[PDB]
Amino acid sequence: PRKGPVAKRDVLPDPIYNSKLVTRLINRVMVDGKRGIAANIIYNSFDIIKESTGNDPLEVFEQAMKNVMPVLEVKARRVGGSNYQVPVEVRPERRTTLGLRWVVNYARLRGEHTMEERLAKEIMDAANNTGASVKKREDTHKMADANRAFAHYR
Amino acid sequence: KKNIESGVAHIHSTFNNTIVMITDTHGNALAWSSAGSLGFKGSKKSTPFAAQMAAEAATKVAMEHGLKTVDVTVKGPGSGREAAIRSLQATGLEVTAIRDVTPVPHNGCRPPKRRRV
Amino acid sequence: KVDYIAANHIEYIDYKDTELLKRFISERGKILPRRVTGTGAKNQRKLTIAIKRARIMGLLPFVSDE
RNA sequence: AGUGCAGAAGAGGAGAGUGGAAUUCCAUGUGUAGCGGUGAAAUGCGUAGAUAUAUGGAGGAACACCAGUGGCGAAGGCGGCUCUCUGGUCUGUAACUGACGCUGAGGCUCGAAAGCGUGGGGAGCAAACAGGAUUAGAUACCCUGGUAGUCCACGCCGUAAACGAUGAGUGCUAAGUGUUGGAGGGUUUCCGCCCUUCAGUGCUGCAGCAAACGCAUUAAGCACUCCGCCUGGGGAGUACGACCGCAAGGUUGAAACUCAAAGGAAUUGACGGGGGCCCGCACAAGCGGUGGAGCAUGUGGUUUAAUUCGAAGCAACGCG
RNA sequence: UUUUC
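Chains as they are written, first to last, in PDB author numbering: chain g, 2 to 155; chain k, 13 to 129; chain r, 13 to 78.
Structure below.
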């Protein structure tokens, strides 16, 4: 906050797949503290992945979270009386966090009444680098370095 | 027309406006733009962002008449006069020399009443 | 202790020696101060009046922009 | 105290001529919907071509860097450059004059800015004045305009926070450290160190003073000479009288009557639309919300033949 | 760098 840095709230991996990234995928989707429904839909979504064109679903998760996950970012700052912006770095933690954030953003309104083939085909097509979320990352890289001009001298 | 292919542009930036005009090698006026000319008002002409978009809107008409390289005249000590140059670099010019000439007198005249605000 | 130019025993500044004169001007064309060049007080004044004579006859420019 | 002999520095003064940059106006080429302005706007200017932009032309004023706790002058003040006339200062020496000195009531001279007369000039700047804004009002601050004046010559007035708020002349009393111009001894290529010695110019400090503040070899210390001035705050630098000025005004200068104070410095607390640092779900990162709908309530309002009474920013409004 | 306490 003001004194300095802080702790990190360490997490524990899955009962089955043993992955903190999928654990973070669980604790992002969980609404109102109901972990049973989120666990059911995530394991059944991996089952749908394993049926049609999927062998190691942790690894197709890792491909999807390669190609949605950024490398740079903007930040709307101010220095002396006007609102500016700057191409900024990103920690590897916030990099995965923003990747999961954008995925679960577009995992909301695909149009399917299945609560998990939106998720399954989301990380499939993100591993296929299609859908809007990989293009969201590409637009983030696009809006980065166009603002390199009025932010390299600050 | 005619592929002029070179020339000198002009930058003039007050504390409440900034204005760009692009000439020939002497030069006659080709096309110009201002922060107010792009539909802005009053206070907001002091931003470096409006300088960017006005300079680029000048370059768009400037290179529709045959133009690759340009030199930069800068009058008007202000704020956005660097963003004008750097967005002038952005949309396809080849700025090769910059002369910032804002002339100092040698104490010939007087400034006005030194304000009380 | 900073070395003034008067190590040579030149008395009259000769009014036109551009080798003896360009040391004290800027690349743009102003006058370099006495603390910058490190000389005595009277030689500062002699060089000042010398190049003020030299600026009129075209032996040196006033303003170097163009 | 002087004068001769020998050197040195300097924006000290008058007269005459000349240079570059900048703002405005004019002429011409390009160029078209804006320019300028402010906390925010608006008056204003632009389609009869502005701003901008390039070339020349006009004219008046001030002199970038050099520039410094530098320098010069009795003070006011003096900084582009060149030439003509010209004042003062400091250093070595003491062959020359043999006390020729200091201070100076009346008198005479000089005197920043504003102001007055007559004739010129007028680029910027801007009292008066006009218009646009803010405010409850704004004859003001802010903005757009705009004259007398600011400049030159020849006269006039003689004033200021003209201040170091510290009169002039002279002798004496620990040091330390920078700078401006000099003059001697040696190391010496010393012209680039150091030691000694004259003056002005800063700063820190001891005896000594002082109400503390502070001053302190450039005394507010120790002493002599000479000159001016003061005696509670108001009434007032006013009235009357006299002299000067074209005029504004200046110099000399009371009393009637009022109050028990008005004052200098130094502490404590408070305060400031003064400042420098630190903290806080105060910001920033995030999660879920309120303001949309409908419903339960507590207020404000309007209404009754009765709307029992309290609670008003944080610290009243599912409060008593 | 808007008035008011």
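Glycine included, C-beta positions come from ideal geometry on N, C-alpha and C.
Could you name the residues that DSSP lists as bridge partners for k/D112?
-> Residue numbering aside, residue 112 of chain k sits at position 100 when the second sequence is read from its first letter. DSSP output for k/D112 lists k/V86 as bridge partner(s).
Which two residues bound the contiguous beta strand (DSSP E) that contains k/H22?
-> Within the second sequence, residue 22 of chain k is the residue found at index 10, counting from 1. Residues 20-25.
Taking the alpha carbon of k/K80 as the point to measure from, which residue in k/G48, k/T30, k/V107 has its own alpha carbon closest?
-> The residue given as residue 80 of chain k occupies position 68 in the second sequence. If we check each option's Cα against that of k/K80, k/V107 comes out closest.
Please work out which residues of its chain come closer than 8 Å, Cβ to Cβ, to g/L73, disregarding the five sequence neighbours upstream and downstream, and give them in chain order.
-> Numbered from its first residue, the first sequence carries residue 73 of chain g at position 72. The residues are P88, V89, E90, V91, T141, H142, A145, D146.
When we look at the beta-carbon of g/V12 and count the other beta-carbons within 10 Å, is it buried (16 or more) or exposed?
-> Within the first sequence, residue 12 of chain g is the residue found at index 11, counting from 1. Under this definition g/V12 is an exposed residue.
Name, in chain order, the residues that DSSP records as bridge partners for r/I43.
-> Stepping through the third sequence from its first residue, residue 43 of chain r is reached at position 31. DSSP lists r/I37 as partners of r/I43.
Please check if any C-beta of chain k sits within less than 9 Å of the C-beta of g/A145.
-> As a first step, residue 145 of chain g must be located in the first sequence, where it is residue number 144. No, its Cβ sits nowhere closer than 9 Å to a Cβ of chain k.
Under 9 Å between C-beta atoms, does k/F61 make it to chain g?
-> In the second sequence, residue 61 of chain k corresponds to position 49, counting from 1. For k/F61, the answer is yes, since a Cβ of chain g falls inside 9 Å of its Cβ.
Which residue comes first and which comes last in the beta strand (DSSP E) that contains k/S45?
-> In the second sequence, residue 45 of chain k corresponds to position 33, counting from 1. Where k/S45 is concerned, the enclosing beta strand (DSSP E) starts and stops at 41-46.
Start-end ranges of the alpha helix (DSSP H) lying completely within the region 12-78 of chain g, minimum 4 residues = 21-30, 36-52, 58-68
Check g/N130 in the structure and name its three-state DSSP category.
-> Within the first sequence, numbered from 1, the residue matching residue 130 of chain g stands at position 129. g/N130 falls in the coil class under three-state DSSP.
Less than 9 Å separating the beta-carbons of k/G92 and k/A63?
-> Taking the first residue of the second sequence as position 1, residue 92 of chain k is located at position 80. Taking the first residue of the second sequence as position 1, residue 63 of chain k is located at position 51. A contact, by the Cβ cut-off of 9 Å.
Chain k partners of g/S53, CB-CB under 8 Å?
-> Along the first sequence, one-based indexing puts residue 53 of chain g at 52. Going along chain k, no residue has its Cβ under 8 Å from g/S53, so there is no contact; the nearest lies around 46 Å.
Residues, ordered as in the chain, of the region 124-151 of chain g that lie near chain k by beta-carbon distance below 9 Å = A147, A150, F151
Residues in its own chain within less than 6 Å of k/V73 by CB, not counting five upstream and five downstream?
-> The count along the second sequence starts at 1 and reaches residue 73 of chain k at position 61. The answer, listed in chain order, is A43.
DSSP state of k/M33, grouped into three classes?
-> Here residue 33 of chain k refers to the residue found at position 21 when the second sequence is read from its first residue. Correct three-state label for k/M33: strand.
DSSP bridge partner residues for g/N84 (one or two, in chain order) | Working through the first sequence from its first residue, we reach residue 84 of chain g at position 83. g/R79.
Are three or more beta carbon pairs between the region 108-122 of chain g and the region 13-30 of chain k nearer than 8 Å?
-> no
Cut-off 6 Å between Cβ atoms - residues of its own chain near k/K87, not counting five sequence neighbours on either side | Position 75 of the second sequence, counted from the first residue, corresponds to residue 87 of chain k. Here the set comprises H24, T114.
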